[PDB]
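Next come the chains, spelled out residue by residue.
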Amino acid sequence: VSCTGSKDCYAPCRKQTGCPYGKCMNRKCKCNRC
């Protein structure tokens, strides 16, 4: 699932994980596992 409501989540993680994907669900963020 792709999110777009935070203070730069997928970013700080994308650096670590990579791919633009993420496991962020609900008001509970959680980048993906690339």
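Method of determination, as given in the entry header: solution NMR.

Per the PDB header, the title for this entry is "Evidence for domain-specific recognition of SK and Kv channels by MTX and HsTx1 scorpion toxins". What UniProt states about the protein chain under its Function heading is, verbatim, "Blocks voltage-gated potassium channels Kv1.2/KCNA2 (IC(50)=0.12-0.8 nM), KCa3.1/KCNN4 (IC(50)=1-2.2 nM), Shaker B (IC(50)=2.39-80 nM), Kv1.1/KCNA1 (IC(50)=37-45 or no activity, depending on the study), Kv1.3/KCNA3 (IC(50)=150-180 or no activity, depending on the study)." Per its UniProt entry, the protein chain bears the Subcellular location comment "Secreted".

What follows concerns the state of the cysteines. A full pass over the atoms with the stated rule returns four disulfides. Covalent S-S linkage joins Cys3 and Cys24, the inter-sulfur distance amounting to 2.0 Å. When the S-S torsion is -125°, as for the bridge of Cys3 with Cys24, the disulfide is left-handed. Here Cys3, found in the segment before α1 (10-16), pairs with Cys24, found in the segment after α1; they are 21 residues apart in sequence, far enough to count as distant. With its sulfur 2.0 Å from that of its partner, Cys9 forms a disulfide with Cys29. Here the disulfide of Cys9 and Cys29 is left-handed, its torsion about the S-S bond being about -140°. Highlighted residues: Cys9 in the segment before α1 and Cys29 in the segment after α1, separated in sequence by 20 residues.

Before going further, it helps to spend a moment on the UniProt feature "disulfide bond" in the protein chain. Of the disulfides listed in UniProt, the one linking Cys13 with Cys19 is not reproduced by the coordinates, which place the two sulfurs 10 Å apart. Take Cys13: it is sitting in helix α1. For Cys19, the location among the structural elements is in the segment after α1.

Cut-off values and rules
Residues numbered from 1 in each chain as written, not as in the entry; some residues may be left out. Heavy atoms only, no water. UniProt positions renumbered as here; feature names shortened; annotations may be inferred. Disulfide = S-S within 2.5 Å. Helix = DSSP H or I, 4+ residues; strand = E, 2+ residues; numbered from the N terminus.

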